[PDB]
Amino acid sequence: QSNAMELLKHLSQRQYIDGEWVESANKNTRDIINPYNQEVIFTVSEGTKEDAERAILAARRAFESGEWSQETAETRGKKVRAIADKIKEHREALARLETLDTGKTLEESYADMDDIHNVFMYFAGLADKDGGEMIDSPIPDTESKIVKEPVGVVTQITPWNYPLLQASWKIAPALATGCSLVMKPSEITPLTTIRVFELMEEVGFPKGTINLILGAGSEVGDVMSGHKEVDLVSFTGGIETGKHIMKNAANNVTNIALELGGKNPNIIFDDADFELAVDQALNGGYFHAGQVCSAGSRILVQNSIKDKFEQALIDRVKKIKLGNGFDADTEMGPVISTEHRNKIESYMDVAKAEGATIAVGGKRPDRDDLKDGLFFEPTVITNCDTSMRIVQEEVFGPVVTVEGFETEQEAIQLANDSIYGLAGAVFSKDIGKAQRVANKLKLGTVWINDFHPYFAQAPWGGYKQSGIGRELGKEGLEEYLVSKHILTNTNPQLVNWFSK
């Protein structure tokens, strides 16, 4: 862990606007915390509205200059590839900074860095593969083509749980398509985003193509979502903030891409491989202490094996090892902040009040090495039903609910009974049945006999309140493009509708 602290000795503490590392316009700063020990680890600039607007205007100026937007797609791909290579080269430092900033295990952080390399690499390869189309015009003597152009100036806002990963999903396609961008990471987790800006700067982009704003969402966020020079706002986070952003984006009829979490079902039939299902239910509920957009917080298990499954899950939950993300034996780290731990704690009272049982966990751990950190015990909530708040709302902590179902129709009905629609799983050795269910779930991603996979090759996003648009895949790239129909009349003749 002190080796990670050493990394901070060379890390920038500033915003990056129009090709320069700059302080806040009023010199304000913010102290960054390590959730493992609640110690202040770094101090960064806290930007102003003026800074955010300046970055947006620099992005517009750069976009209009054409240096990046009119560069060949092949060359843009090379630059995006160079970024992927930097990430891999600095994987260790990046993974350690991510663990320090966010608390999750170092092995999870390394996995994030592998994913990030692959995201940049995927978009590097896609950059030059589709420039638009030739249309067969229904009008004689005309030519019709659709040209795909970069959407323009894009603002990008990320959350605190997977900072660099979420940033990469936005940055890679933006750069690949020729856009100029302004990014703002979560004010409590800026370290790896600062670092990636330092790396991108070495790759070499024209002034203003990339810009980094650091600051509170209530201060600079509205500028980023409501400015008339922005062509697209892309946000990953919670529903309350996402709705706010969308309403603000409306003022200029600005494109929005949103991913807003979920209430992700994990559907376990009685003909599932039982021990696989237990394993994956643990993984679904407790990776990163449940702070994952796709966390499997809502377990739905067939009635015939429900009690056995609950007991098996509880027995394993008792063995989950909490601690420092830098310690190799740690299986689950702390939650992100005092506010977030307070949210999770409040839900325990809620669950009990509405009739559910806390079968295991449901409080902070007592153990000595955990008392100064933001820890919360992995928790199983039983005797639940779909009417309850603890089932319907995104807790975003190390908490899972267990509900029973009798039939395949009942599972589908329950799984779809939420305001969300991000991801979910179906476990059954009967692949035919699993497919039937998968076809009926209103979710952007359905895993059959798995839990958690996402990758650059495939689009990710939500039905219903889980979002608008997609990230990753060809659809992810398309968020950063705009279509133009250029129609040429090759034998123009007067219409003579109006009197001569």
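In case it trips you up, residue 1 is the first one in the sequence shown, and so on. We call the rigid core whatever largest set of C-alpha positions still superposes within 1.5 Å between the two forms.
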Overlaying the structures in 4 other deposited structures of this protein on the rigid core, point out which of 109-117 and 219-227 has the bigger RMS C-alpha shift. 219-227
Higher-deviation stretch (C-alpha RMS, rigid core fit) in 4 other deposited structures of this protein, choosing from 331-339 and 209-217: 209-217
260-268 versus 77-85 - which carries the larger mean C-alpha B factor in the record: 260-268
When mean C-alpha B-factors in the record are compared for 482-490 and 5-13, the larger belongs to 5-13
In the PDB entry, which of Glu202, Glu149, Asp231, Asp327 has its C-alpha at the highest B-factor? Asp327
Candidate set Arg364, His90, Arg195, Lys129 [ranked by C-alpha B-factor, highest]: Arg364
Looking at the temperature factor on the CA atom of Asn439, which third of the chain's modelled residues does it land in? middle
Going by the recorded CA B-factors, say which third of the chain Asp115 sits in, lowest, middle or highest. lowest
Name the third of the chain's ranked CA B-factors that contains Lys145, choosing lowest, middle or highest. middle
Please rank the C-alpha B-factors of the chain's modelled residues and tell me whether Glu53 sits in the lowest, middle or highest third. middle
Would you please rank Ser186 by its C-alpha temperature factor against the other modelled residues of its chain and give the third it falls in: lowest, middle or highest? lowest
